[PDB]
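Residue numbers (PDB author numbering), protein chains in the order written: chain D, 302 to 343, 353 to 721; chain C, 302 to 721; chain B, 302 to 343, 353 to 721; chain A, 302 to 721.
Beta carbons are placed, not taken as given, at the ideal position from N, Cα and C, and that holds for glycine.
Structure record follows, encoded as structure tokens.
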Ligand code: HEM
Ligand code: HEM
Ligand code: HEM
Ligand code: HEM
Ligand SMILES: C[C@H](O)[C@H](O)[C@H]1CNc2nc(N)[nH]c(=O)c2N1
Ligand SMILES: C[C@H](O)[C@H](O)[C@H]1CNc2nc(N)[nH]c(=O)c2N1
Ligand SMILES: C[C@H](O)[C@H](O)[C@H]1CNc2nc(N)[nH]c(=O)c2N1
Ligand SMILES: C[C@H](O)[C@H](O)[C@H]1CNc2nc(N)[nH]c(=O)c2N1
Ligand SMILES: NC(=[NH2+])NCCC[C@H](N)C(=O)O
Ligand SMILES: NC(=[NH2+])NCCC[C@H](N)C(=O)O
Ligand SMILES: NC(=[NH2+])NCCC[C@H](N)C(=O)O
Ligand SMILES: NC(=[NH2+])NCCC[C@H](N)C(=O)O
Ligand SMILES: [Zn+2]
Ligand SMILES: [Zn+2]
């Protein structure tokens, strides 16, 4: 209603038909009179949980081609008695694996979804303490890093109960660099992490006060006050950034970590909420080269690089920023590759994503996709995704945003 | 339910409050469940293009526009307001259409620009020369008006914004249409090769011209003739006098070989296929022009695979290693082409703006608009330039897209409608 | 989007879930800001036809559980080549029958749809003249009347081609009574048929000028001027109306016809348009007893029945109209039953409809229904449909309104 | 796209033009693809019931209301309009709420009635007594105010329309609520045999009253106590003084046995569980009353299968042959019950309107409203009486349903939300 929606690719003229949108139950934020497409961010009762669980179990049994089976019916009744009796329920291991992979399949902001079914799921639902969380995270980091040959993984901690016993990873990613405000108002290190760094120091962390200090983990188990743990340094793979032609590039002393491991999202499956679910894949180069290094509110290196390149910086129309941007991005890829650390460039990644989108239309009837996030932050129209119409809608299971845990926790 | 909305800039932390969206009366194409922000022409439950406005459609649309006009000149509820409303109503009542005052037409055109959510150039919105061509009756008359537009707008390279507005739709059988999609564009030809010579965007229009008896030079940059439909008649061909057509040969400030590619482009971007809607009145022929942002030429026109597709050519001449995507050879060539376009336009003293300067001005305009008007409708997908997105400030700026009227709207290609 | 909608019955508290709304492709007339639920009325190119034909053939092949065959793929190719070469296509007999039955299944205004699959389809696509049409119409009337034991039926004339060659039955129903404007402004016979009656007279029909004159058929074949034909009187089954207790009722000289045969609708199947498609079932009593007899702008008999009942008519609050209404409706049912002519009362009809709706939710995931038309025009809340929430949406194949032919027709 | 819409009456052929729907700012629940005209509580994308308006929600809602109010007293744009708007804005920015003037509250209440698309009684809309109870602070104070209401409105059978308006919502933790669905209603009791004694609609509410300590007489027509929530505290029980409760024993003008059924009803329909929204302010306790239309009692209260369900018992005493549905025995009994209700109220001099008189007046009202206001929102599903539909003129009248504010809205039963 409408049944069929069409997307066009403006380079190939290929028109595709979406019916997967019909499975949407959650709202996007837009209305018929306003589009919120560029806005970054536009305790279940028994009664609410029943339908959400049924819908999930239903789709699970359908996916394994056993819809209507007595297994299907019995699982439904078991779940139903479980909710009725404890006001919640437990996923079977198979359901949790399915839910996690599908939350990734459904993530409309992820260009990496061709890999969605190749995902190692660590089931940490028996975890009870922050030291326990630390151990699981270390196994995840070791497994995922794999000496540079990165492998996708998610570690899933106990689901929410009453909301007073939440497991949380206070870090926004498992591995990030510290940020300190300087007396003159500038920032040393990564300005994105200034608040989180302050919390860590406040909690007792001794800060080395350099540019690329790996943050410790701040871990909350069962709603208890969070605890600090240092990731053993031999587990954190880093790459020093050099350039294949500019010998001076290494002199900038840039580096970055190999494993991008988002750790502050909420994974929702059949109405159940996994507030601690760090997951990791591998980098697309522009995430580091364009955003991390060249955002004005991040490491902000364009000007230094341009100076070393001896560019004429007096006029914006010389495109000195653009020129430097490319060199930086060349260096990031070249450095990761030289060190045998899995990375993908924005051309290869977006081309793969288009193939994935086409497979998804053919087998699933569509592929929810957020064009604003999917198109890379540089060279947008010389990647195929710029020219591809897309439709954005929300399927469950899904990854969602949740408030920072310091905004809620009582000590 | 009505509410004020906040937009945040994620670099500056500046948060702005949108109140203007509350005035929107036209649909965006999204729903609560499905966002259609990246669809180029979403369905927006508009009435069929071939239909003309009924009285019941016209009355509210004319009242809303006249109210907004009298409100804008600080004369809302005045005797003149009331009398103008009465006159407009009698006209709709007795003829089922009305005529705009010249002042209203000028106001309408500037506001349609002010309201164009896809336009990054709107800081310039009130500086618009409006050529009122509503007395035009023939295709030759149209030609004359268009030659004036081209001459005034071009201004020997010192480009000036302008719009020329032909007679409004009546019964839908006497429409004025400029068949060209822009006043000045290059021909495209399907070759015996299978390849395309010239601009592939213009292949169908080119065949129509040829079929109308136009003699194609069959080169890579043939300026297209005008094909102009007056009063609903079959369209007629006219060659723009070549001396009115300002072109720029493309060269690079450092690469002496770049000029050997034999690239050029025209100075005057003049969109000619859109419909201007003011108070329910439809101006189906309303060519308008400003000046280029360099990426329009250097990224899209030159580097789209379905356009001139010059990336490989240029990368070869640059002696780049093209074996792997990860060398970013495409991105290197792209920066150089875009340098050359800006340099070539600046050297010939033809107005151009680069994507950094254009987007920085847009941010400034947005802020002025939130302060003086309560918002600025903007389509992020179109506003963020097609290269270097996040090293421009608009990438980091949340925008809200909504449709205000007066507006510029798309309309079907006339060869899809026209019976000969 | 949303995938699930709920309807509640406010007498039983049963909640049903609708998913059939998802197959909707056509608009209703409402918007998010206005409801047009009580508004009575709120040629296809090659490019339009391809998708409409595909959607239909797909749903047909899915209905016979052969989706993705073999026969399905070839039928699609055949249809596509047909549209390609001729800008139109022909339905198989199978698909025509299926389409006709589904148009009835989908008609949200019809309370009689429990019967939807028991429909006799007379395929009149080989018809070419008005006399041909007359013949097919005589067949339909005779078969559907069946001496009082009415059988549902539809006769389908050739589809529209260029729009200049339309088949049309100018009558709104095959059997209806003439109406005559009188010099003093009153009307003799049925006021609803005055315009059509004048046309007939203008075409040289010699009018009896009584209260219940059965109209001639006015039939347009192949876009030609329409022609007059008298329905052989022996084919026209009528019922004199008398009352089981009031011996004086028969003296009112009332009668009606047995066969309600709507003849002015358009049947749309897979993008094809059948502009002449008379169809019939049998009456619900209130149609005659409440609407045809008691509408102020119909036979308007309330006051004279009330007079004969000797009711105090001086105050609305005596409910003299309501009493008369019930008595007239009793007489209609009693008369049809006494003469063994199929009829259904509004309790039995609406009860069957709720049972049908429940069947449709179980097997099809919903049942579009227009509450405004489904609730009988008397005694609303003492039928179960009044208490039943319904969703209205438009499914194809469908029956649609079309303009009176005498507005368009060039003589 | 905005347009004027036409509604036709299919008996009288009168066509009216609706312009008022263009003012609507709240959703109906339908979409372009799915009509929800018969859903009792469609979801309309309202904010969560248990949230309170933010500044960003309140600023435009308050401006819209104050504009309509000053426009109504022909004072739009005046100094007073501007200064009132200024004062409201300071209050919102400073306390994130505001207070209505007495005149604004009275205007708001009357227009909420005028705007109630499901009410057939709106010809009466401007004749409404407003009891301003915004100074109330206790459950006992609520009781006193409600006693005042019942006494004023009943007026010894000569019923007068009234509303009593308790303090608006603040943080949502201090809500005033009448837990009763109407001020006067009959208890219902589930019986060991599975039947219900008294009124099944009130079983759950009755259960709560007994749990709270009310001693149930356990009969068929027990007048329920008030359960009153002040300032978000647990609610308190209060019996209405029985001399304030006017009741009518039902007898028939021809059937001597009718009185033997021991039926009665109360004179005063006082809906007490709705929320009154004025300018984004929320009056969660606002009991209002007019007088009955006969069918509300005769058809629904007495003949719904899930209410008193009296049909078969009446038909038996009428000696009807109940073996077949097509004898229309149910329809005959229905009419007689309805005659009895009207006759009884009229004999006792208690205001009542029959459904012919009520709907004929409503048609007149719609016509007045179209003439003076440009429309009348109306929900046909609710307006058409539950018996004899098409022998009332509203059945034949096309209606447009849309939502204007101020308005009366549904809110959740407080026992689903309340923390003890
Ligand atoms: C395996 C290689 C992968 C690649 C190359 C990749 C690529 C990306 C990129 C480039 C983004 C945008 C990042 C940003 O701008 O902040 C993204 C977002 C995202 N990806 Fe992936 N992805 C991968 C794997 C995964 C995995 C394993 C998951 C989860 C199981 C995942 C879920 C997400 C989600 C939820 C987002 C949105 C995050 C947000 O809103 O901040 N992706 N992906
Ligand atoms: C003065 C210099 C101007 C600049 C630098 C500018 C910039 C731009 C750019 C870059 C686009 C996107 C073009 C594309 O991707 O195809 C655009 C679109 C547009 N601009 Fe401008 N603009 C200017 C003047 C104008 C004028 C004079 C008008 C009309 C009065 C106008 C109305 C529009 C409209 C309606 C669009 C959307 C076109 C579409 O949908 O395809 N702009 N503008
Ligand atoms: C079998 C016995 C049937 C019964 C008892 C029945 C009942 C009804 C009734 C009472 C109406 C409302 C009529 C009015 O107010 O004018 C109606 C409408 C309708 N029915 Fe039936 N129906 C029957 C068979 C059929 C058949 C055979 C078809 C077509 C195959 C059909 C399609 C329709 C349509 C399209 C409408 C709406 C017509 C309009 O908008 O004017 N029904 N039905
Ligand atoms: C003058 C006497 C009045 C009459 C005869 C009358 C008539 C009616 C009727 C028959 C209903 C349908 C009730 C139902 O089916 O449950 C109704 C609904 C309504 N009326 Fe009135 N009305 C009157 C006065 C009022 C007053 C004084 C107000 C408020 C100030 C009001 C506001 C409403 C509202 C909001 C509804 C919808 C209630 C709901 O959704 O349950 N009416 N009216
Ligand atoms: C305002 C805008 O939505 C915001 O800058 C977005 C744009 N697109 C993005 N795309 C990706 N992949 N990641 C981001 O952080 C952003 N930021
Ligand atoms: C699919 C997508 O909407 C389409 O390619 C858009 C993207 N953004 C654009 N932005 C501008 N300015 N111009 C365009 O033509 C486009 N094309
Ligand atoms: C205005 C209103 O929609 C119109 O009177 C409708 C109401 N319901 C109906 N219901 C049926 N079945 N038939 C009708 O003709 C009508 N008329
Ligand atoms: C399902 C349906 O909407 C519901 O039964 C409505 C129908 N019309 C009504 N009409 C009025 N006046 N009052 C009601 O309670 C109802 N109930
Ligand atoms: N490829 C991924 N899995 N990315 C997740 C986000 C990493 C983030 N963009 C960063 O630069 O650190
Ligand atoms: N700056 C403008 N006014 N542009 C209008 C569109 C021009 C178009 N993008 C082109 O490259 O030809
Ligand atoms: N039951 C049917 N098939 N009805 C078709 C409509 C008949 C119409 N209502 C009449 O009174 O004549
Ligand atoms: N006329 C009114 N004010 N009605 C309000 C609703 C009364 C309700 N219908 C009842 O029967 O008790
Ligand atoms: Zn959107
Ligand atoms: Zn609706």
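Same chain, Cβ closer than 6 Å to residue i, neighbours up to 5 away in sequence not counted
{"i": "residue 533 of chain D", "result": "474, 475 and 476"}
{"i": "residue 467 of chain A", "result": "434, 437, 477 and 586"}
{"i": "residue 553 of chain A", "result": "559 and 641"}
Continuous alpha helix (DSSP H) stretch holding residue i: start and end
{"i": "residue 366 of chain A", "result": "356 to 373"}
{"i": "residue 546 of chain D", "result": "Residue 546 of chain D -> no alpha helix (DSSP H), and no H or E assigned at all."}
{"i": "residue 663 of chain B", "result": "656 to 674"}
{"i": "residue 393 of chain D", "result": "380 to 396"}
{"i": "residue 646 of chain B", "result": "630 to 648"}
Member of the options whose CA lies at the smallest distance from the CA of residue i
{"i": "residue 332 of chain B", "options": "B:375, B:451 and B:343", "result": "B:343"}
{"i": "residue 486 of chain B", "options": "B:682, B:492 and B:502", "result": "B:502"}
{"i": "residue 363 of chain C", "options": "C:377, C:716 and C:393", "result": "C:393"}
{"i": "residue 385 of chain D", "options": "D:397, D:554, D:395 and D:405", "result": "D:405"}
{"i": "residue 453 of chain C", "options": "C:303, C:308 and C:568", "result": "C:568"}
Residues near residue i in its chain [Cβ-Cβ closer than 7 Å; skip 5 each side]
{"i": "residue 705 of chain A", "result": "324, 325, 416 and 678"}
N-terminal and C-terminal residue of the beta strand (DSSP E) that residue i is part of
{"i": "residue 455 of chain A", "result": "That residue, residue 455 of chain A, is in no beta strand (DSSP E); its alpha helix (DSSP H) goes 440 to 455."}
Using only Cβ atoms and a threshold of 5 Å, which residues come within that distance of a heavy atom of ligand 2? Order them by chain position. Each of C:414, C:417, C:419, C:420, C:421, C:422, C:425, C:462, C:589, C:591, C:592, C:594 and C:709 has a C-beta closer than 5 Å to some heavy atom of ligand 2; these make up the full list, in chain order.
*Residues, ordered as in the chain, of the stretch 333 to 349 of chain C that lie near chain B by beta-carbon distance below 7 Å*: For the stretch 333 to 349 of chain C, which is checked against every Cβ of chain B, the residues closer than 7 Å are 334 and 335.
Give me the pocket residues for ligand 5, defined as CB within less than 6 Å of any heavy atom, sorted by chain position. Spelled out in chain order, the answer is D:339, D:341, D:682, D:683, C:311, C:696, C:697, C:698 and C:699.
Which residues, taken in chain order from the stretch 696 to 709 of chain C, show a beta carbon closer than 7 Å to some beta carbon of chain D? Answer in chain order: 696, 699, 700, 701, 702 and 703.
Near-chain C residues of the stretch 480 to 505 of chain D - C-beta to any C-beta below 9 Å:
Residues of the stretch 480 to 505 of chain D that bring their beta carbon within less than 9 Å of a beta carbon in chain C are absent altogether.
Worksheet item: Which residues, in order along the stretch 312 to 334 of chain B, keep a beta-carbon less than 7 Å from a beta-carbon of chain A?
Response: From the stretch 312 to 334 of chain B, only 312, 322, 325, 328, 329, 331, 332, 333 and 334 have a Cβ closer than 7 Å to chain A.
If the cut-off is 8 Å on Cβ atoms, which residues from the stretch 621 to 637 of chain C count as contacting chain D, listed in chain order? Across the stretch 621 to 637 of chain C, CB contacts with chain D closer than 8 Å involve 626, 627, 628, 629, 631, 632, 633, 635 and 636, in sequence order along the chain.
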